[PDB]
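Below: the structure, in structure tokens.
Don't worry about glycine lacking a Cβ; one is built from the backbone with ideal geometry, like all the others, and counts go over all protein chains shown. Read-outs: derived from the displayed coordinates by stated rules, not from any lab.
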Ligand SMILES: Cc1cc2nc3c(=O)[nH]c(=O)nc-3n(C[C@H](O)[C@H](O)[C@H](O)COP(=O)(O)OP(=O)(O)OC[C@H]3O[C@@H](n4cnc5c(N)ncnc54)[C@H](O)[C@@H]3O)c2cc1C
């Protein structure tokens, strides 16, 4: 069986891993149009902040290693087109220009996504950067120590934008974050959490300008100003982290796409065409909190879908179990994590929820290491099943969100979590830990 896998990032890499242990016998070709195999974009912040000194170590696989395992790795080779009926792909070697057609028995593609740009006047004056991949990581890092960069503007206040804003604020630059949305990180966290994080960011001279539409970049050769409908901001560097587009235009006419460019797949990762599977950022994934398919562009999702594509290679035998959307990140001293439905998700999906928020010290009063922690539990008003949770503290309590993710998947209720057995020891927590306490509050609210 000859299987071709497109993409060496999270979704394609795990399909190769699961092929190696489920079909050791197969002839496996792994294609990557880029120069570098399996660079970890998730580690870009640690590199920009100087935690990791070598950009080339921010990866999780090399072509050499995979070749030792019998995989044929083709870097700098792009799959240009798929001919699904005759089961062929045309590939182009980017260093020699040579094209060739390759046949396959099964094809698994994980084409990913590309940074969304603002097509506006000034569009590319110099020093308007993006944040995806090795080359952008290297260029961003050079700007961190450049004495000419004093003001950086990042457009977009989501996860990637706040990572870039933190990295340049720590490098000693003045940062403004501009977005049309009214709260930073709103997709991940509710208002009582983002109010705290906004104050923390402003304390580290990050100005957050929300509710502003960027109209044009101005400058002589290189950017000098970002002007919005409401204001103009000096900028020596702009990082655009507004969002991402699926890398699927080359597939229009070959595979069925959704109106937004996402590849249509079923629960076995199959596309509209026989023997081609699609995984990762370019697809929708079963979202268990709301029993629907949502696009959740996370490394965790692409890795699991990658393995489930191989499980269903010969037969639709293993439906995807679904995910909850779990994410976590540190923003200066605060470490937060969240899963399931929050305010922005409930609005988008049209879902009614109830919630309790507990803000108190997570250790008992006599313990000098006690610190405040915020926990919000979101549940279904009718069944009281758990729908989501968010937590934050300068102490790392994020591993507790892993239990809430399982609780949503298991359809547990606030009563189940109120009396769930979580260990107690006074150097670690209170007799009713952070999850029990919030669920105990929800039980009182529904009495
Ligand atoms: C700055 C940043 C931080 C992030 N942090 C986190 C995090 O902390 N945790 C988390 O879970 N997620 C995080 N993510 C998201 C995560 O990186 C993505 O969800 C994941 O990389 C998606 O994997 P993918 O395989 O679908 O696509 P991509 O990573 O987009 O990779 C697609 C690959 O396929 C290649 N390719 C595309 N088309 C072709 C072609 N036609 N021929 C040959 N090769 C091709 C591309 O070169 C690329 O290497 C972050 C993303 C960014 C940008």
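Which residue is surrounded by the most Cβ atoms within 10 Å (Cβ to Cβ), if the candidates are limited to region 96-112 and must be within 14 Å of the ligand (Cβ to nearest atom) and more than 20 Å from residue 246 (Cα to Cα)? Reasoning before the result, please.
Initially, region 96-112 is screened for residues within 14 Å of the ligand (Cβ to nearest atom), giving 99-100, 102, 104, 107-112.
So of that shortlist, the ones also more than 20 Å from residue 246 (Cα to Cα) come out as 99-100, 102, 104.
Working: 99: 12, 100: 10, 102: 17, 104: 19.
Applying the filter and picking the extreme gives 104.
For every residue, the table says whether it meets (1) within 11 Å of the ligand (Cβ to nearest atom); (2) outside any helix (DSSP H, G or I); (3) out of contact with any strand residue (DSSP E or B) (no Cβ under 7 Å at 6 or more places or on another chain).
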residue	(1), (2), (3)
5	yes, yes, no
13	yes, no, yes
19	no, no, no
30	yes, yes, no
42	yes, no, yes
47	yes, no, yes
51	no, yes, yes
61	no, yes, yes
67	no, no, no
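On the basis of being farther than 30 Å from residue 346 by Cα and touching a strand residue (DSSP E or B) at 6+ places or on another chain (Cβ under 8 Å), does residue 134 make the cut? So residue 134 fits the description; yes. Total residues in region 73-86 satisfying the condition of being loosely packed, with under 14 Cβ neighbours inside 10 Å and not in a loop (DSSP other than H, G, I, E, B): the figure is 2.
Whether any residue in region 142-154 is within 14 Å of the ligand (Cβ to nearest atom) and touching a strand residue (DSSP E or B) at 6+ places or on another chain (Cβ under 6 Å) is what I want to check. Taking every residue of region 142-154 in turn, at least one turns out to be within 14 Å of the ligand (Cβ to nearest atom) and touching a strand residue (DSSP E or B) at 6+ places or on another chain (Cβ under 6 Å).
Check 195, 179 and return the single one that is within 15 Å of residue 238 (Cα to Cα), under 23 Å from the mean Cα position of the chain (by Cα) and away from the ligand (no atom under 16 Å from the Cβ). Result of the check over 195, 179: 179. Here residue 250 meets the list (1) within 23 Å of residue 321 (Cα to Cα); (2) not in a loop (DSSP other than H, G, I, E, B) almost entirely, failing just condition (1).
Screening region 361-392 for residues that are out of contact with any helix residue (DSSP H, G or I) (no Cβ under 9 Å at 6 or more places or on another chain) and in a strand (DSSP E or B) and picking the one that is surrounded by the most Cβ atoms within 10 Å (Cβ to Cβ) gives 361.
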